[PDB]
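Read through the structure below, which is laid out as structure tokens, and then see the notes.
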Amino acid sequence: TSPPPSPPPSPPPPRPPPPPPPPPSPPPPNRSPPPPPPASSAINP
Amino acid sequence: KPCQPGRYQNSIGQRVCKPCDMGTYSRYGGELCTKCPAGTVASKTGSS
Ligand SMILES: *[C@H]1O[C@H](CO)[C@H](O)[C@H](O)[C@H]1O
Ligand SMILES: *[C@H]1O[C@H](CO)[C@H](O)[C@H](O)[C@H]1O
Ligand SMILES: *[C@H]1O[C@H](CO)[C@H](O)[C@H](O)[C@H]1O
Ligand SMILES: *[C@H]1O[C@H](CO)[C@H](O)[C@H](O)[C@H]1O
Ligand SMILES: *[C@H]1O[C@H](CO)[C@H](O)[C@H](O)[C@H]1O
């Protein structure tokens, strides 16, 4: 006698998870300070 | 009188010496504060 109807294609796995978040991006470069004012002249006599 | 250590004065005819910011030192009266050499430190602003 002939066999039965051959089975279907079994499903795939339930699929993996996603990637976690990234770290906090670093801070901007520390800005430099300004220039010293010019040398003032003598005070009033 | 000359400026005391830790102070500088880069102008003529003034009656006040100014203090040196952190990272710089100064001996007895000098025109400008000189940065600490490589390998040495100075924390405060009255650094001598
Ligand atoms: C199913 O199989 C048998 C023999 O295995 C026969 O050929 C039948 O004709 C077929 O339907
Ligand atoms: C599919 O499966 C059946 C059995 O159910 C049989 O082995 C066939 O030969 C196959 O094609
Ligand atoms: C996976 O499923 C198919 C049919 O869905 C078949 O029964 C296989 O035997 C099973 O491994
Ligand atoms: C700042 O850097 C982090 C990596 O630590 C991340 O890629 C951010 O998207 C970026 O803007
Ligand atoms: C000015 O100062 C900041 C931090 O002190 C930084 O080094 C810059 O490169 C400089 O130009």
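Convention: chains lettered A, B, ... in structure tokens order; per-chain residue numbering from 1; ligands numbered from 1 as shown.
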At a cut-off of 8 Å, which residues of chain A touch chain B? Count only C-alpha atoms and give the answer as a PDB file with C-alpha atoms, in the first residue's frame.
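The result, written out as result-v7.pdb:
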ATOM      1  CA  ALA A  39      50.239  96.312  30.804  1.00  0.00           C
ATOM      2  CA  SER A  40      48.505  99.430  32.072  1.00  0.00           C
ATOM      3  CA  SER A  41      50.389 102.679  32.570  1.00  0.00           C
ATOM      4  CA  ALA A  42      51.252 104.409  35.832  1.00  0.00           C
ATOM      5  CA  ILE A  43      48.452 105.736  38.029  1.00  0.00           C
TER       6      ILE A  43
END
Let me have all residues with an atom within 10 Å of ligand 4, counting only C-alpha atoms and all ligand atoms, laid out as a PDB file with N, CA and C atoms, in the first residue's frame.
ATOM      1  N   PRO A  21      21.788  49.334  24.363  1.00  0.00           N
ATOM      2  CA  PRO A  21      22.130  50.703  23.979  1.00  0.00           C
ATOM      3  C   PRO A  21      23.636  51.005  23.979  1.00  0.00           C
ATOM      4  N   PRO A  22      24.048  52.161  23.472  1.00  0.00           N
ATOM      5  CA  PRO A  22      25.469  52.531  23.517  1.00  0.00           C
ATOM      6  C   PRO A  22      25.822  53.272  24.815  1.00  0.00           C
ATOM      7  N   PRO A  23      27.102  53.504  25.079  1.00  0.00           N
ATOM      8  CA  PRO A  23      27.471  54.327  26.238  1.00  0.00           C
ATOM      9  C   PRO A  23      27.157  55.815  26.032  1.00  0.00           C
ATOM     10  N   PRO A  24      27.292  56.626  27.071  1.00  0.00           N
ATOM     11  CA  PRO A  24      27.200  58.082  26.907  1.00  0.00           C
ATOM     12  C   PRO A  24      28.405  58.671  26.159  1.00  0.00           C
ATOM     13  N   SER A  25      28.178  59.344  25.035  1.00  0.00           N
ATOM     14  CA  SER A  25      29.265  59.970  24.291  1.00  0.00           C
ATOM     15  C   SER A  25      30.070  60.881  25.205  1.00  0.00           C
ATOM     16  N   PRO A  26      31.374  60.956  24.966  1.00  0.00           N
ATOM     17  CA  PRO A  26      32.252  61.782  25.809  1.00  0.00           C
ATOM     18  C   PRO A  26      31.919  63.281  25.771  1.00  0.00           C
ATOM     19  N   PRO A  27      32.606  64.082  26.577  1.00  0.00           N
ATOM     20  CA  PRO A  27      32.381  65.527  26.583  1.00  0.00           C
ATOM     21  C   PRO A  27      33.226  66.296  25.557  1.00  0.00           C
TER      22      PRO A  27
END
Next on the checklist: ligand 5: which residues are within 8 Å, counting only C-alpha atoms and all ligand atoms? Reply as a list in words.
Outcome noted: residues 29, 30, 31, 32 and 33 of chain A
Item to check | atom CA of residue A:37 to atom CA of residue B:3, distance in Å rounded to a single decimal | outcome: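 Between these atoms lies a distance of 19.6 Å.
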Item to check | Close residues to ligand 3 using only C-alpha atoms and all ligand atoms, limit 8 Å, as a list in words | outcome: residues 7, 8, 9, 10 and 11 of chain A
Next on the checklist: Please identify the strand (DSSP E or B) residues within chain B (assignment by DSSP from backbone atoms) and present them as a list in words.
Outcome noted: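 The residues of chain B classed as strand (DSSP E or B) are residues 7, 8, 18, 19, 24, 25, 34 and 35 of chain B.
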Write to file, as a PDB file, in the first residue's frame, the residues of the selection just made, with C-alpha atoms.
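Written output follows (again07.pdb):
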ATOM      1  CA  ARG B   7      52.770  87.816  43.446  1.00  0.00           C
ATOM      2  CA  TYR B   8      53.709  89.578  40.217  1.00  0.00           C
ATOM      3  CA  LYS B  18      48.659  90.688  41.754  1.00  0.00           C
ATOM      4  CA  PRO B  19      48.493  87.000  42.721  1.00  0.00           C
ATOM      5  CA  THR B  24      52.518  79.167  38.265  1.00  0.00           C
ATOM      6  CA  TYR B  25      54.973  80.209  40.963  1.00  0.00           C
ATOM      7  CA  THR B  34      56.753  81.580  35.539  1.00  0.00           C
ATOM      8  CA  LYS B  35      55.019  78.279  34.824  1.00  0.00           C
TER       9      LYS B  35
END
Checklist entry - Would you name the residues within 8 Å of ligand 2, counting only C-alpha atoms and all ligand atoms, and put them as a list in words? => result residues 3, 4, 5, 6 and 7 of chain A
